[PDB]
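**Student:** Got a file for you: entry31.txt, compact mmCIF, C-alpha atoms and all ligand atoms.
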```
# COMPACT_ATOMS: atom_id res chain seq x y z
CA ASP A 88 0.00 0.00 0.00
CA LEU A 89 0.84 3.67 -0.55
CA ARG A 90 0.37 5.84 2.54
CA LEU A 91 -1.22 9.30 2.64
CA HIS A 92 0.75 12.43 3.53
CA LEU A 93 -1.07 15.75 3.67
CA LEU A 94 1.06 18.70 2.62
CA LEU A 95 2.91 20.42 5.45
CA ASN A 96 2.31 23.74 3.69
CA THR A 97 -1.42 23.91 4.35
CA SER A 98 -1.82 26.98 2.10
CA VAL A 99 -1.51 24.68 -0.95
CA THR A 100 -5.07 23.40 -1.07
CA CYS A 101 -7.75 21.44 -2.85
CA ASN A 102 -10.77 23.30 -4.26
CA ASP A 103 -12.47 23.80 -0.88
CA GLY A 104 -9.39 24.89 1.08
CA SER A 105 -8.57 21.52 2.63
CA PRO A 106 -4.90 20.48 2.32
CA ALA A 107 -3.70 18.69 -0.78
CA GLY A 108 -1.42 15.68 -0.43
CA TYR A 109 0.18 12.58 -1.90
CA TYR A 110 0.37 8.81 -1.34
CA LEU A 111 3.88 7.32 -1.06
CA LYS A 112 5.55 3.90 -0.97
CA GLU A 113 9.33 4.12 -0.58
CA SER A 114 11.82 1.67 -2.11
CA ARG A 115 15.10 2.40 -0.33
CA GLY A 116 17.08 0.34 -2.83
CA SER A 117 16.07 2.46 -5.83
CA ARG A 118 17.02 5.86 -7.27
CA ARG A 119 13.95 5.95 -9.57
CA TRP A 120 10.85 7.97 -8.62
CA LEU A 121 7.50 7.77 -10.38
CA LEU A 122 5.02 10.62 -9.70
CA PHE A 123 1.51 9.94 -11.07
CA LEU A 124 -1.18 12.57 -11.70
CA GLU A 125 -4.82 11.45 -11.40
CA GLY A 126 -7.46 12.62 -13.86
CA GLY A 127 -11.19 13.27 -13.86
CA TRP A 128 -12.44 16.06 -16.16
CA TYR A 129 -12.67 19.58 -14.64
CA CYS A 130 -15.07 22.42 -13.84
CA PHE A 131 -15.10 25.93 -15.28
CA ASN A 132 -17.64 28.19 -13.50
CA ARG A 133 -19.35 28.59 -10.13
CA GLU A 134 -22.45 26.60 -11.05
CA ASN A 135 -20.81 23.51 -12.56
CA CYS A 136 -18.16 23.51 -9.81
CA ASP A 137 -20.97 23.52 -7.22
CA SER A 138 -22.46 20.50 -9.00
CA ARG A 139 -19.10 18.69 -8.90
CA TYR A 140 -18.84 19.43 -5.16
CA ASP A 141 -22.04 17.50 -4.42
CA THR A 142 -21.40 14.29 -6.38
CA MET A 143 -17.62 14.22 -7.06
CA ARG A 144 -16.33 15.68 -3.80
CA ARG A 145 -13.19 13.52 -3.55
CA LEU A 146 -11.99 15.45 -6.63
CA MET A 147 -12.45 18.77 -4.76
CA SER A 148 -11.47 18.00 -1.12
CA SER A 149 -9.22 15.84 1.14
CA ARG A 150 -11.92 15.87 3.55
CA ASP A 151 -12.82 12.18 2.99
CA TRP A 152 -9.58 10.62 1.61
CA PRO A 153 -8.53 7.21 2.98
CA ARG A 154 -5.31 6.54 4.87
CA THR A 155 -3.96 4.20 2.15
CA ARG A 156 -4.33 3.24 -1.51
CA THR A 157 -3.30 0.15 -3.47
CA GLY A 158 -0.78 0.70 -6.25
CA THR A 159 -1.95 -0.83 -9.53
CA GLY A 160 -0.53 -1.10 -13.02
CA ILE A 161 2.57 1.05 -13.41
CA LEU A 162 2.21 1.86 -9.69
CA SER A 163 2.32 -1.82 -8.68
CA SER A 164 5.39 -3.08 -6.85
CA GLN A 165 4.88 -6.57 -8.14
CA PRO A 166 6.98 -7.65 -11.14
CA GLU A 167 4.16 -9.86 -12.48
CA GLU A 168 1.87 -6.81 -12.72
CA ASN A 169 4.55 -4.17 -13.49
CA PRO A 170 7.42 -5.46 -15.66
CA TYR A 171 8.70 -1.90 -16.16
CA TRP A 172 9.37 -0.18 -12.81
CA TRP A 173 8.26 -2.57 -10.03
CA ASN A 174 11.15 -1.56 -7.74
CA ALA A 175 10.67 2.21 -8.01
CA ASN A 176 9.59 4.70 -5.38
CA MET A 177 5.84 5.15 -6.03
CA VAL A 178 3.83 8.37 -5.61
CA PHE A 179 0.12 8.91 -6.41
CA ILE A 180 -0.97 12.57 -6.36
CA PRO A 181 -4.78 12.88 -6.06
CA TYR A 182 -6.52 15.33 -8.41
CA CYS A 183 -8.43 17.76 -6.19
CA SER A 184 -8.06 21.05 -8.11
CA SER A 185 -10.45 20.56 -11.09
CA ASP A 186 -8.15 22.65 -13.32
CA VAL A 187 -6.33 20.07 -15.52
CA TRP A 188 -3.36 20.69 -13.18
CA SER A 189 -2.91 24.26 -14.49
CA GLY A 190 -4.15 26.56 -11.72
CA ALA A 191 -2.33 29.03 -9.48
CA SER A 192 -5.10 30.81 -7.57
CA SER A 193 -6.07 30.66 -3.90
CA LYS A 194 -9.40 30.95 -2.15
CA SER A 195 -10.05 34.60 -1.34
CA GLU A 196 -12.72 37.24 -0.80
CA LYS A 197 -13.21 37.11 -4.59
CA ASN A 198 -12.85 33.34 -5.11
CA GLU A 199 -15.24 30.67 -3.80
CA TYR A 200 -12.79 27.92 -4.82
CA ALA A 201 -9.02 27.50 -5.01
CA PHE A 202 -7.43 26.19 -8.22
CA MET A 203 -3.84 25.26 -7.34
CA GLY A 204 -2.94 22.24 -9.49
CA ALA A 205 0.37 23.63 -10.77
CA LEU A 206 1.38 24.59 -7.22
CA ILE A 207 0.33 21.21 -5.79
CA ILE A 208 2.87 19.53 -8.09
CA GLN A 209 5.56 22.05 -7.02
CA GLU A 210 4.89 21.45 -3.31
CA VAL A 211 4.81 17.64 -3.56
CA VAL A 212 8.22 17.75 -5.25
CA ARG A 213 9.65 20.15 -2.65
CA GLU A 214 8.48 18.02 0.28
CA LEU A 215 9.66 14.74 -1.30
CA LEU A 216 13.22 16.09 -1.60
CA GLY A 217 13.54 15.71 2.18
CA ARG A 218 12.19 12.14 1.99
CA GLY A 219 14.79 10.71 -0.40
CA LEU A 220 14.04 12.39 -3.74
CA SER A 221 17.26 14.40 -3.30
CA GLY A 222 19.18 11.25 -4.24
CA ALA A 223 17.16 10.39 -7.34
CA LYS A 224 18.62 9.63 -10.76
CA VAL A 225 15.31 9.81 -12.68
CA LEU A 226 11.98 11.49 -11.87
CA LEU A 227 9.21 10.25 -14.19
CA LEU A 228 6.14 12.51 -14.08
CA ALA A 229 3.23 10.41 -15.36
CA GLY A 230 -0.54 10.84 -15.54
CA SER A 231 -3.79 9.75 -17.16
CA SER A 232 -6.59 11.75 -18.87
CA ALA A 233 -6.55 15.25 -17.29
CA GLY A 234 -3.38 14.04 -15.60
CA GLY A 235 -1.86 13.21 -18.97
CA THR A 236 -2.50 16.74 -20.22
CA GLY A 237 -1.14 17.86 -16.85
CA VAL A 238 2.15 16.11 -17.61
CA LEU A 239 2.52 18.12 -20.82
CA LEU A 240 1.75 21.36 -18.95
CA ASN A 241 4.06 20.78 -15.97
CA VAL A 242 7.05 18.54 -16.86
CA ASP A 243 9.36 21.42 -17.83
CA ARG A 244 8.30 23.40 -14.74
CA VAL A 245 9.41 20.52 -12.51
CA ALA A 246 12.73 20.37 -14.36
CA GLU A 247 13.21 24.11 -13.87
CA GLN A 248 12.25 23.87 -10.19
CA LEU A 249 14.87 21.20 -9.48
CA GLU A 250 17.55 23.14 -11.38
CA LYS A 251 16.75 26.25 -9.33
CA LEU A 252 16.72 24.31 -6.08
CA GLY A 253 20.22 22.94 -6.67
CA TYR A 254 19.54 19.40 -7.97
CA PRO A 255 20.90 19.37 -11.54
CA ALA A 256 21.62 15.62 -11.63
CA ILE A 257 17.96 14.49 -11.41
CA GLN A 258 16.72 13.64 -14.92
CA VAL A 259 13.09 14.76 -15.32
CA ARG A 260 10.96 12.92 -17.90
CA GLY A 261 7.27 12.73 -18.75
CA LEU A 262 4.73 10.00 -19.52
CA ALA A 263 1.42 11.36 -20.85
CA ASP A 264 -1.42 8.81 -21.00
CA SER A 265 -4.73 9.67 -22.73
CA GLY A 266 -4.11 13.42 -22.75
CA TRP A 267 -3.33 14.00 -26.45
CA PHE A 268 -6.43 15.56 -28.04
CA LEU A 269 -7.35 17.08 -31.41
CA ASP A 270 -9.32 20.32 -31.78
CA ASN A 271 -11.29 18.86 -34.68
CA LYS A 272 -14.82 19.43 -35.96
CA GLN A 273 -17.53 17.65 -34.01
CA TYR A 274 -19.67 14.95 -35.59
CA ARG A 275 -22.82 16.76 -34.40
CA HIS A 276 -23.10 20.13 -32.70
CA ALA A 286 -17.73 25.23 -29.22
CA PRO A 287 -15.85 22.76 -27.01
CA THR A 288 -12.66 24.85 -26.84
CA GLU A 289 -14.66 27.67 -25.20
CA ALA A 290 -14.77 25.66 -21.96
CA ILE A 291 -10.93 25.67 -21.86
CA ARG A 292 -10.94 29.29 -22.63
CA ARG A 293 -13.42 29.86 -19.72
CA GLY A 294 -11.50 27.66 -17.38
CA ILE A 295 -8.09 29.26 -17.81
CA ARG A 296 -9.60 32.63 -16.87
CA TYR A 297 -11.56 31.15 -13.94
CA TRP A 298 -8.49 29.27 -12.62
CA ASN A 299 -5.70 31.74 -13.41
CA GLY A 300 -4.31 28.87 -15.44
CA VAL A 301 -0.66 28.72 -16.46
CA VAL A 302 0.95 27.06 -19.49
CA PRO A 303 4.60 26.40 -20.42
CA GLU A 304 6.47 29.61 -21.23
CA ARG A 305 7.78 28.70 -24.69
CA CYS A 306 4.26 27.71 -25.78
CA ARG A 307 2.79 30.88 -24.24
CA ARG A 308 5.30 32.98 -26.20
CA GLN A 309 4.16 31.40 -29.47
CA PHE A 310 0.41 31.84 -29.00
CA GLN A 311 0.48 35.00 -26.76
CA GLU A 312 -2.25 36.62 -24.60
CA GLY A 313 -5.75 35.22 -24.80
CA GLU A 314 -4.71 32.18 -26.83
CA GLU A 315 -3.24 30.03 -24.04
CA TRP A 316 -5.93 27.39 -24.71
CA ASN A 317 -3.78 26.19 -27.63
CA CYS A 318 -1.19 24.81 -25.19
CA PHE A 319 -3.71 22.29 -23.80
CA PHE A 320 -3.43 20.41 -27.12
CA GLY A 321 -0.52 18.01 -27.19
CA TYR A 322 0.46 18.40 -30.83
CA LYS A 323 0.91 22.15 -30.25
CA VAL A 324 2.64 22.10 -26.85
CA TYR A 325 4.89 19.03 -27.33
CA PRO A 326 7.30 20.73 -29.81
CA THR A 327 8.01 23.45 -27.22
CA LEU A 328 9.08 21.03 -24.45
CA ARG A 329 12.66 20.21 -23.58
CA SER A 330 12.24 17.23 -21.25
CA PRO A 331 11.82 13.79 -22.84
CA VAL A 332 8.14 12.82 -23.09
CA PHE A 333 6.59 9.45 -24.00
CA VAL A 334 3.03 9.72 -25.36
CA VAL A 335 0.36 7.02 -24.92
CA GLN A 336 -2.92 7.57 -26.81
CA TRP A 337 -5.67 5.31 -28.12
CA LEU A 338 -6.40 6.21 -31.74
CA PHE A 339 -10.16 6.22 -30.97
CA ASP A 340 -10.16 7.70 -27.47
CA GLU A 341 -13.51 7.72 -25.67
CA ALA A 342 -13.07 11.19 -24.14
CA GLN A 343 -12.17 12.59 -27.57
CA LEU A 344 -15.27 10.96 -29.07
CA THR A 345 -17.43 12.19 -26.19
CA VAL A 346 -16.60 15.80 -26.82
CA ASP A 347 -17.04 15.14 -30.58
CA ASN A 348 -20.63 13.98 -29.81
CA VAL A 349 -20.10 10.43 -31.02
CA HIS A 350 -21.74 7.50 -29.18
CA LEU A 351 -20.51 4.10 -30.48
CA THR A 352 -23.23 2.04 -28.81
CA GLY A 353 -25.99 1.42 -31.34
CA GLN A 354 -25.24 -1.37 -33.84
CA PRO A 355 -25.51 0.18 -37.39
CA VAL A 356 -22.81 2.71 -38.38
CA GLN A 357 -23.64 4.56 -41.62
CA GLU A 358 -21.29 6.11 -44.20
CA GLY A 359 -20.96 9.58 -42.69
CA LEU A 360 -19.93 8.27 -39.28
CA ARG A 361 -17.63 5.63 -40.79
CA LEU A 362 -15.71 8.33 -42.66
CA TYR A 363 -15.62 10.54 -39.55
CA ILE A 364 -14.14 7.75 -37.41
CA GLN A 365 -11.58 6.76 -40.05
CA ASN A 366 -10.48 10.38 -40.55
CA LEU A 367 -10.04 10.83 -36.79
CA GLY A 368 -7.66 7.88 -36.56
CA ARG A 369 -5.66 9.08 -39.56
CA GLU A 370 -5.37 12.60 -38.13
CA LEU A 371 -4.19 11.27 -34.76
CA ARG A 372 -1.66 9.03 -36.54
CA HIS A 373 -0.37 12.10 -38.39
CA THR A 374 0.16 14.16 -35.22
CA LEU A 375 2.37 11.38 -33.78
CA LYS A 376 4.56 10.86 -36.82
CA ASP A 377 7.41 13.03 -35.46
CA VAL A 378 6.98 11.84 -31.85
CA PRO A 379 9.80 9.28 -31.42
CA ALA A 380 8.56 7.80 -28.10
CA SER A 381 4.89 6.86 -28.46
CA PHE A 382 2.40 3.99 -28.10
CA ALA A 383 -0.87 4.42 -30.03
CA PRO A 384 -3.11 1.37 -30.51
CA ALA A 385 -6.15 1.29 -32.80
CA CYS A 386 -8.71 0.79 -30.04
CA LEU A 387 -11.82 2.47 -28.65
CA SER A 388 -10.98 2.93 -24.95
CA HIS A 389 -9.80 5.45 -22.35
CA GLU A 390 -6.79 5.50 -19.98
CA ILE A 391 -4.19 2.74 -19.90
CA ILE A 392 -1.38 2.89 -17.35
CA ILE A 393 -2.74 2.24 -13.82
CA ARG A 394 -5.04 -0.66 -14.71
CA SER A 395 -3.89 -4.08 -13.57
CA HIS A 396 -3.97 -5.68 -17.05
CA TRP A 397 -2.10 -2.86 -18.78
CA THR A 398 0.51 -5.38 -19.96
CA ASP A 399 -1.88 -7.15 -22.35
CA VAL A 400 -2.06 -4.61 -25.21
CA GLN A 401 0.57 -4.84 -27.97
CA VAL A 402 1.41 -2.82 -31.08
CA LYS A 403 3.37 -4.66 -33.79
CA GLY A 404 4.01 -7.38 -31.19
CA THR A 405 5.44 -5.07 -28.49
CA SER A 406 3.75 -4.28 -25.17
CA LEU A 407 3.73 -0.90 -23.43
CA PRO A 408 5.97 -2.06 -20.53
CA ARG A 409 8.50 -3.23 -23.14
CA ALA A 410 8.29 0.05 -25.06
CA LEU A 411 8.92 1.99 -21.84
CA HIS A 412 11.94 -0.20 -21.05
CA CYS A 413 13.28 0.48 -24.55
CA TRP A 414 12.79 4.20 -23.91
CA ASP A 415 14.90 3.90 -20.74
CA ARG A 416 17.67 2.23 -22.77
CA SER A 417 17.49 4.93 -25.45
CA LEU A 418 18.13 7.59 -22.79
CA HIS A 419 21.34 6.02 -21.48
CA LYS A 426 20.43 8.68 -31.42
CA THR A 427 20.69 5.25 -33.03
CA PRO A 428 17.69 2.90 -32.62
CA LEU A 429 17.99 -0.36 -30.71
CA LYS A 430 17.90 -3.85 -32.20
CA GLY A 431 14.57 -5.48 -31.39
CA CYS A 432 13.62 -2.89 -28.75
CA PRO A 433 11.43 -0.23 -30.38
CA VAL A 434 10.10 3.03 -28.95
CA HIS A 435 7.79 4.41 -31.71
CA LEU A 436 4.71 2.17 -31.93
CA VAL A 437 1.65 3.51 -33.80
CA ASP A 438 -1.00 1.29 -35.39
CA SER A 439 -1.76 1.78 -39.08
CA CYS A 440 -5.02 -0.19 -39.34
CA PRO A 441 -8.03 2.12 -39.71
CA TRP A 442 -10.91 0.85 -37.46
CA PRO A 443 -11.50 0.21 -33.74
CA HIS A 444 -10.20 -3.07 -32.53
CA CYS A 445 -8.47 -3.96 -35.79
CA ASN A 446 -5.65 -4.70 -33.36
CA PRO A 447 -6.61 -8.05 -31.74
CA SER A 448 -5.07 -7.08 -28.37
CA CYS A 449 -7.47 -4.19 -27.64
CA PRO A 450 -9.23 -4.27 -24.24
CA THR A 451 -12.51 -6.14 -24.39
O1 LIG B 501 -19.97 10.90 -20.18
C1 LIG B 501 -20.77 12.05 -20.38
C2 LIG B 501 -19.95 13.31 -20.49
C3 LIG B 501 -20.29 14.28 -21.41
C4 LIG B 501 -19.54 15.43 -21.53
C5 LIG B 501 -18.45 15.63 -20.70
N1 LIG B 501 -17.69 16.83 -20.84
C6 LIG B 501 -17.41 17.45 -22.03
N2 LIG B 501 -16.69 18.53 -21.89
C7 LIG B 501 -16.48 18.67 -20.52
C8 LIG B 501 -15.80 19.65 -19.81
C9 LIG B 501 -15.76 19.54 -18.43
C10 LIG B 501 -16.38 18.48 -17.77
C11 LIG B 501 -17.05 17.50 -18.46
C12 LIG B 501 -17.09 17.61 -19.85
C13 LIG B 501 -18.10 14.67 -19.77
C14 LIG B 501 -18.85 13.51 -19.67
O1 LIG B 502 -17.58 17.88 -13.32
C1 LIG B 502 -18.17 19.12 -13.67
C2 LIG B 502 -18.86 19.06 -15.00
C3 LIG B 502 -18.88 20.16 -15.84
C4 LIG B 502 -19.50 20.10 -17.08
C5 LIG B 502 -20.13 18.93 -17.47
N1 LIG B 502 -20.79 18.83 -18.73
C6 LIG B 502 -21.89 18.05 -18.98
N2 LIG B 502 -22.31 18.13 -20.21
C7 LIG B 502 -21.43 19.00 -20.85
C8 LIG B 502 -21.40 19.43 -22.18
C9 LIG B 502 -20.40 20.30 -22.55
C10 LIG B 502 -19.45 20.74 -21.64
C11 LIG B 502 -19.47 20.33 -20.32
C12 LIG B 502 -20.48 19.45 -19.94
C13 LIG B 502 -20.13 17.84 -16.63
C14 LIG B 502 -19.49 17.90 -15.41
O1 LIG B 503 -12.61 20.06 -30.96
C1 LIG B 503 -12.46 18.82 -30.28
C2 LIG B 503 -12.08 19.00 -28.84
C3 LIG B 503 -11.41 18.01 -28.15
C4 LIG B 503 -11.07 18.18 -26.81
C5 LIG B 503 -11.41 19.35 -26.17
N1 LIG B 503 -11.10 19.54 -24.78
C6 LIG B 503 -12.02 19.91 -23.83
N2 LIG B 503 -11.51 20.02 -22.64
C7 LIG B 503 -10.15 19.75 -22.79
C8 LIG B 503 -9.13 19.74 -21.85
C9 LIG B 503 -7.85 19.44 -22.27
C10 LIG B 503 -7.59 19.14 -23.61
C11 LIG B 503 -8.59 19.14 -24.55
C12 LIG B 503 -9.88 19.44 -24.13
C13 LIG B 503 -12.10 20.34 -26.84
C14 LIG B 503 -12.42 20.17 -28.18
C1 LIG B 504 3.37 27.73 1.07
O1 LIG B 504 3.10 27.75 -0.29
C2 LIG B 504 2.71 29.04 -0.76
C3 LIG B 504 2.22 28.86 -2.18
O2 LIG B 504 3.26 28.38 -3.02
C4 LIG B 504 3.90 29.98 -0.65
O3 LIG B 504 3.47 31.28 -1.00
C5 LIG B 504 4.46 29.99 0.77
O4 LIG B 504 5.75 30.59 0.75
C6 LIG B 504 4.60 28.59 1.37
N1 LIG B 504 4.81 28.68 2.81
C7 LIG B 504 5.95 28.35 3.42
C8 LIG B 504 5.96 28.52 4.91
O5 LIG B 504 6.92 27.93 2.80
```
I'd like the structure from this file rewritten - as structure tokens, please.

**Tutor:**
Amino acid sequence: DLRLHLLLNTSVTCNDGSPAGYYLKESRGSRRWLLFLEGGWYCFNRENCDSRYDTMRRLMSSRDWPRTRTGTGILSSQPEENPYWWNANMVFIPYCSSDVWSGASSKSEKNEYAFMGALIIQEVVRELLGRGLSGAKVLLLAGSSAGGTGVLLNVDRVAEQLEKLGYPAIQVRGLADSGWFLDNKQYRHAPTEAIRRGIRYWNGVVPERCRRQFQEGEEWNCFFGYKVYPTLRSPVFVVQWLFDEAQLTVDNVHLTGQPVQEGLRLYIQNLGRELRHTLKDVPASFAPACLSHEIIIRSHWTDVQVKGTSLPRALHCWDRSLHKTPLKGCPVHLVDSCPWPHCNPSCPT
């Protein structure tokens, strides 16, 4: 089990002002540290945040968090479940800021809620340095869904923070799962306006090089992986289903009824091709042709393969590449080319 620690700086808070925190399982024999960001959509105004507070309160408060959590998938310490990093120091950071990990605003006379996701990451890192992170060789910042987008928004900030704090030997890297979206046309009737809204409501922050490209008012562009990834300096591995369920949800597509007619067939096929295209210059990536959502903390995450190679293998190959020339039999760029959901036999059932 991973054990809860509430932040010692109690001014870094969840939405309702309760302290943020992290769950930790130490591995004294290891210099590898894995910090995972939870997901779970977001809220963008007073009224829909109030709704979230009544029926999704664990994503807005620490309030009712349990003392322990079980590490699963990439957070498992068992080699049978986690071939990649079973011996690492494990950290799960709960998502209680509802801001896609981008916010830097406190509760105040003006603000009913605090949106502090970017500062929560900062403070977890600072407090872990006294608990063994000071001796790390690699810090892998990982996350799923909103946490995957959060990796893209925060990985270079963590690298800069450690450089500033006097720890230049820690190699910061990112693993973004299910956070690589396309700002495409919807299948039926704008969705980017909510991001737009949210950034203003949260005082949201984006990576500086991306901000300098798009400039005031256009920071929403940096929430889209294919636009923000080229501005990042830390190594980032991208995991994305070609037919992601959150992408299809915001596109107003519901693949439940049996008959799919020509217009929807072409829409689905074009979406997969466009995603494939955005990953073509991403050398570390894993993109299976499946209809699903999230991948890395589920217990059977080892089952899926692209061109015969599993995700835990691909991640191991990525480690070797970061010790340039590709490696014999140990690939790192794995993107399906078949054009329909579940044309890969290994997709989750
Ligand atoms: O599963 C139903 C379903 C429908 C829509 C959405 N959704 C779309 N954009 C969003 C922005 C913020 C929060 C939820 C959002 C989620 C879930
Ligand atoms: O968790 C808060 C929360 C906010 C918004 C929603 N939501 C529901 N239907 C939507 C359609 C478009 C955008 C957002 C939507 C659900 C949940
Ligand atoms: O135009 C398609 C379309 C896809 C995704 C979204 N989207 C909504 N909330 C988001 C948060 C982070 C990244 C993308 C997000 C909007 C539009
Ligand atoms: C707590 O964190 C806040 C927000 O980052 C910061 O302003 C403050 O300096 C911190 N407090 C202490 C005592 O370090």

**Student:** Give the residue list for ligand LIG 503 (chain B) at 7 Å, counting only C-alpha atoms and all ligand atoms, as a ChimeraX atom specification, sorted by chain and then by residue number.

**Tutor:** /A:187,233,236,266,268-273,287-288,290-291,319-320,343,346-347

**Student:** What residues of the protein or nucleic acid chains come within 6 Å of ligand LIG 501 (chain B) when you use only C-alpha atoms and all ligand atoms? Reply as an MDAnalysis selection string.

**Tutor:** chainID A and resid 128:130 345:346

**Student:** With distances taken over only C-alpha atoms, which residue among A:132, A:258, A:336, A:155 lies nearest residue 381 in chain A?

**Tutor:**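 Checking each of A:132, A:258, A:336, A:155 against residue 381 in chain A, counting only C-alpha atoms, the winner is A:336.
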
**Student:** Which of these residues is nearest to residue 302 in chain A, using only C-alpha atoms: A:188, A:202, A:274, A:414?

**Tutor:**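 Of the candidates, the smallest distance to residue 302 in chain A is held by A:188.
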
**Student:** When you count all atoms listed in the file, which of these residues is closest to residue 437 in chain A: A:369, A:260, A:412, A:396?

**Tutor:**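 Smallest distance to residue 437 in chain A is found for A:369.
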
**Student:** Could you name the residues that touch range 103-110 of chain A at 10 Å or less, counting all atoms listed in the file, but leaving out those on the same chain fewer than 3 positions away, as a VMD selection string?

**Tutor:** chain A and resid 88 to 100 122 to 124 140 144 147 to 150 152 154 to 158 177 to 184 193 to 194 199 to 204 207 to 208 210 to 211 215

**Student:** Find the residue from A:170, A:379, A:253, A:313 that sits nearest to residue 395 in chain A; use all atoms listed in the file when measuring.

**Tutor:**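 Between A:170, A:379, A:253, A:313, the residue approaching residue 395 in chain A most closely is A:170.
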
**Student:** Here is a test: counting all atoms listed in the file, which residue of A:222, A:368, A:230, A:300 is nearest to residue 162 in chain A?

**Tutor:**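 Once distances to residue 162 in chain A are computed over all atoms listed in the file, the minimum belongs to A:230.
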
**Student:** Compile the contact shell of residue 252 in chain A as a count of residues only: residues with an atom at most 12 Å away, counting only C-alpha atoms, same-chain residues fewer than 5 positions apart removed.

**Tutor:** 9

**Student:** Looking at A:251, A:243, A:151, A:335, which one is nearest to residue 305 in chain A, with distances taken over all atoms listed in the file?

**Tutor:** A:243

**Student:** Interatomic distance between CA of residue 223 in chain A and CA of residue 321 in chain A?

**Tutor:** 27.7 Å

**Student:** Select all residues near (-3.6, 2.9, -21.7) (cut-off 7 Å, inclusive, file coordinates), counting all atoms listed in the file, and output them as an MDAnalysis selection string.

**Tutor:** chainID A and resid 264:265 335:336 389:392 397

**Student:** Show which residues sit within 12 Å of range 359-365 of chain A, as a PyMOL selection string. Count all atoms listed in the file, and ignore same-chain residues fewer than 6 positions away.

**Tutor:** chain A and resi 271-275+338-341+343-344+347-351+371-372+385-387+439-443+445
